[PDB]
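The primary structure of each chain is shown beneath.
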Amino acid sequence: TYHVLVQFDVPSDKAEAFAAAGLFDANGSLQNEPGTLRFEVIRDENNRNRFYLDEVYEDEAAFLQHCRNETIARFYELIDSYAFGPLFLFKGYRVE
Amino acid sequence: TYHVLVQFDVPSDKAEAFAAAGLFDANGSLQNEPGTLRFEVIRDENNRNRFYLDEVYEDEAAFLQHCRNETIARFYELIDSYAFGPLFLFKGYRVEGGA
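Residues numbered from 1 in each chain as written, not as in the entry; some residues may be left out. Chains lettered and ligands numbered in written order. Heavy atoms only, no water. Residues with missing side-chain atoms left out of burial classes, pairs and counts.

(A) Structural view of the overall build of chain B. Each helix and strand counted, chain B has 3 helices and 4 strands in total. What you see in chain B, going N to C, is helices and strands ordered as β-α-β-β-α-α-β. With the C-alpha coordinates of chain B rotated into their principal frame, the extents come out at 40 × 30 × 20 Å. Contacts in chain B between residues at least 24 apart in sequence constitute 70% of all its contacts with a sequence separation of at least 6. (Helix = DSSP H or I, 4+ residues; strand = E, 2+ residues; numbered from the N terminus. Contact = heavy atoms within 4.5 Å.)

(B) Representation of the overall build of chain A within the structure. Within chain A one finds 3 helices and 4 strands. In chain A, the order of α-helices and β-strands from amino to carboxyl end is β-α-β-β-α-α-β. Relative to the globule expectation of 12 Å for 96 residues, the C-alpha radius of gyration of chain A, 13 Å, shows essentially globular dimensions. Taking the principal axes of the C-alpha coordinates as reference, chain A spans close to 35 × 30 × 15 Å. Considering only contacts within chain A whose residues lie at least 6 apart along the sequence, 70% involve residues at least 24 apart. (Rg over C-alpha atoms; globule rule 2.2 N^0.38 Å.)

(C) Seen up close, unusual backbone geometry. Note the cis peptide between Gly85 of chain A and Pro86 of chain A, where omega equals 0°. Relative to the elements of secondary structure, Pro86 of chain A occurs in strand β4 (residues 84–95). Cis geometry marks the peptide bond from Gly85 of chain B to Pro86 of chain B; its omega dihedral reads 0°. With respect to the helices and strands, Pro86 of chain B occurs in strand β4 (residues 84–94).

(D) Just the pattern of salt bridges, in detail. The full count for this structure, using the stated rule, is 8 salt bridges over all chains. Across the pair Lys14 of chain B and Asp13 of chain B runs a salt bridge whose closest N-O atoms are separated by 3.4 Å. Linked through salt bridges whose partners overlap, the residues forming this network are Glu40 of chain A together with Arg38, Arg94 and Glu96 of chain B. (Salt bridge = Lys/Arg side-chain N within 4 Å of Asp/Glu carboxyl O.)

(E) Seen up close, the sheet that holds strand β1 (residues 2–9) of chain A. Taken together, 8 strands build a closed barrel; the order of strands is β1(A)-β3(A)-β2(A)-β4(B)-β1(B)-β3(B)-β2(B)-β4(A) and the barrel is antiparallel. Each adjacent strand pair in this sheet contributes to an overall mean axis angle of 35°, direction not counted. In this sheet, strand β2 (residues 36–44) of chain B lies alongside β4 of chain A in antiparallel orientation, the contact comprising 4 bridges. By the bridge assignment, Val95 of chain A is partnered in β2 of chain B with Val41 of chain B. (Pairing = 2+ DSSP bridges. Axes fitted to C-alpha atoms, helices over the stretch in contact; angles between N-to-C directions.)

(F) Summary view of the pairing of β4 of chain B. As paired elements, strand β2 (residues 36–44) of chain A and β4 of chain B share 3 bridges and run antiparallel to each other. Paired with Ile42 of chain A across the bridge in β4 of chain B is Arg94 of chain B. As paired elements, strand β1 (residues 2–9) of chain B and β4 of chain B share 7 bridges and run antiparallel to each other. In the sheet register, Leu5 of chain B faces β4 of chain B, and the bridge partner there is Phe90 of chain B.

(G) Main features of the interface of chain B and chain A. Chain B puts 25 residues into the contact, and the matching count from chain A is 24 residues. Summing both partners gives a buried area of about 2200 Å² for chain B against chain A, and 58% of it is carried by carbon and sulfur. Of all residues in chain B, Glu45, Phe90 and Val95 of chain B bury the most surface against chain A, accounting for 27% of the area lost on that side. Where chain B touches chain A, the interface holds 4 salt bridges. Across the salt bridge formed by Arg94 of chain B and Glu40 of chain A, the nearest N and O atoms sit 2.9 Å from each other. Connecting chain B to chain A are 13 residue pairs in polar contact. Every element with two or more residues in the side of chain B that touches chain A is listed here: β1, α1 (15–32), β2, β3 (50–57) and β4 of chain B. Residues that form the side of chain B that touches chain A fall into these classes: 13 nonpolar, 3 polar and 9 charged. (Buried area = accessible area lost by both parts, 1.4 Å probe. Polar contact = N/O pair within 3.5 Å; in protein donor to acceptor, adjacent residues only side chain to side chain. Nonpolar A, V, L, I, M, F, W, Y, C, P; charged D, E, K, R; others polar.)

The following block contains the structure:
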């Protein structure tokens, strides 16, 4: 499996809005993309502005397909006015 | 849930030894620790030396329990001579209720 960790920063008063947008992305991607296997939104325990998306795909091609799909485009429409990112913390493969 | 992302760097000739140690840590923690819910070893797609541990716990207390248990202690005994880390990339809480 192909694991992609993404980091975003948002104004503190936009944190709840970002989290909703992240779950919108997760909901739509998991449901409609056969290559998208897991998609979690994580809030930093102390940094008031920082969130992480922990994404799992069958392979890199599935991630590139996600990048070309409608849900991620809808996600960016929601956050574009205020968010900073994506910053890719890593892309890698699971050691099974 | 409480999510912890850990990063390690190892010399190239110790990458297989690190993976074996990480697989021991993941299987030993998941099998024996009721608060340890998920534990994945991930190798960077290009960086030959870099590994990540993606750990999920019931709450912060369960991570701190993991930290005081015997599985992690043997993991560090296996990797001490060659590894660089842990570097904590993040600790955080999952936003719940999604599909």
